[PDB]
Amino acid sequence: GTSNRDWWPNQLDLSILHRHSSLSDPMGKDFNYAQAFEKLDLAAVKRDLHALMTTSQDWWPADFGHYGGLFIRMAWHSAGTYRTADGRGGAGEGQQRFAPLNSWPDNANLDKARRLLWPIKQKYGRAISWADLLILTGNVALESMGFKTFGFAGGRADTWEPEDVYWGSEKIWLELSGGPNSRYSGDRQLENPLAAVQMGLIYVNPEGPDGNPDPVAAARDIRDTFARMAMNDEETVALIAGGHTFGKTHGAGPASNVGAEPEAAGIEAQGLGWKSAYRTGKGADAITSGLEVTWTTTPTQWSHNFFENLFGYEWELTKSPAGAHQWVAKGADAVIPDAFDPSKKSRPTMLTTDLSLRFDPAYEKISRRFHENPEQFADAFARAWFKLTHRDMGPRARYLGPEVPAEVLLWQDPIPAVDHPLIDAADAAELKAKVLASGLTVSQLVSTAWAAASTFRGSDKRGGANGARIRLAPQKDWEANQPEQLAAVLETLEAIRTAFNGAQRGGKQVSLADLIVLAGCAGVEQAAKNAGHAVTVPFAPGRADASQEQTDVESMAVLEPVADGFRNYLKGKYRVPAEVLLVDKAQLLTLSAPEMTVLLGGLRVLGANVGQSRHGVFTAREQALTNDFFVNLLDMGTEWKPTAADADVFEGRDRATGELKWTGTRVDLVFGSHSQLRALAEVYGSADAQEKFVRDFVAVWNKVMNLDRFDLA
């Protein structure tokens, strides 16, 4: 059936903002997964998982009698989709079980891994999510094989449909670079926000870049994609060499034997795929990647044999039984055990990308250090595996259960504990009055709190106003944050703060994080007053102030808004139209279309635009909270045309007189163009809507202010 997408493939898609409704969710609207999990007997789950490790099923027999390797790969692929650019992907939503990730080529036969866990999932039911279970199974596999983990946190709630993520534009699985939808240009520059070299791969190609088996050039791709997953060189070497301490690859025959991936398979395959016509199709005969490598002499036990082999042999380029490039140790004895035949052994083998750890000069130094100092290796890999599998979980307040590590890590963007009484309602009213008496404007107050709060993204739950990181590097210098104006607001709030705190008894004090947000509430209340309305804006104290030392400047860089339609800001030219960038930002903020609508209409009349631009300021009473934006946008007495100078700025003129009334951007005008957005603007631009507009605005404002407040969850 022909769809709207077919007729108008370039129209904006809003259904990303209405994903994950109560309609698709089988659990009741008050189901709280954290509460369910906190009562789970996690020790009992771990016992079952230990028992599963050596309980081989005949439809997918365990290599070496132990599913540990398979489960470690499973959990690493669960986490391995993460991109620091947008926070999307990662293990935190258990998206490995839905399309498209369940059917990516690099996830081949992880459908079998997930099926092996159904009896445990079924036993514990709602008290352990798939998302948590995948990770927990990875940890138990490590532990079962003699590797002490750093810890584990539960709390990843299950999801019920695919996440809308941009995974690239290629229309061919695994397409090599330089095609019509190439993700590479220039000197092998991978397009943001992508973090994989080919469509359907986790990070890199194990044969080498575009299949060329050059470990030096493969190292460049490893370093770039791991960095785009938040990992440095030390973590990268620890993760790859730690993971390939275990298990094996699967390439026993030609890949042509493997049939349809799970989304393409017949109904009778009951959710599984990649059924293989090669011999038994499984076990000794398994084909997954097409490579046939077993790294160590004890593939079901933690050892130091990875780096012994990597350094201890010279390597020769060979081909697996499926035809894939791989390496074999020159002159070695047959020391590597077979997965199924006790009487067979083979020579040590490596992937191209394992050799990168020796032949890239920076990796080589780290690899050598880990070879000479195996305790450092073990500790780095323990830390890196915890980071891998928790990087998208957000603040530590979300972490549940008895195995959470007490050590606070830099990457968690930590927020100090609050150890003093919080301001009360009377103190808040006092501080708001101070703020409004300082001479700070509506615009200033609203802009600052928006700047502080709107860094949040729900994809990985980073950002938000807690921590008062707007006063630190790098946020204080972001162009969207108007650094000179920002500094003058923070100076004035800091003096208010110091005066208030210096007057208190007991240990009562307000943080700057809380004051920034309360000040913005005061600005919204003053704006309402300016429009003739009595409005109280909710405020929840309890934020604390992070230090510079608790704020990794390079990791914060990915939170910078280079496009923020809510401040009519675009830092440069993008190929994606500005209204598409708006919808993307609304999605990261967790807003619906109605919420995005109301929020933007309000912010325009409150003076939140960067640079005091007039674009979209469709009111004669700036800094008053009204629905003027909508009423004026929708006035058919105004005719709109793109300007001569810039086709993304428009002038609105009186259709009768030709007089200039307004200017606007695409972000502004899209609310008068797009037929779903226009229908929302009409609600808010009606004669009976001023109250509804104010109430709805205050609600979304408060929502944004509280995005990161998982301490109150």
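In case it trips you up, residue 1 is the first one in the sequence shown, and so on.
When 612-620 is weighed against 382-390, 612-620 comes out higher, by mean CA B-factor as recorded in the entry. Relative to one another, 624-632 and 528-536 have unequal mean CA B-factors, and 528-536 is the one with the higher figure. Per the PDB entry, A647 shows the highest C-alpha temperature factor of the residues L70, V667, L49, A647.
Looking only at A157, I415, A75, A465, the residue with the top Cα B factor in the deposited structure is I415. For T498, the recorded CA temperature factor ranks within the highest third of the chain's modelled residues. Among the modelled residues of its chain, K112 has a C-alpha B-factor that falls in the lowest third according to the deposited record. In this PDB entry, the Cα temperature factor of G685 sits in the bottom third of its chain's modelled residues, the lowest group. When the modelled residues of the chain are ordered by C-alpha B-factor, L23 sits in the highest third.
Residue-level temperature factors show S555 in the highest third of its chain, judged at the C-alpha atom.
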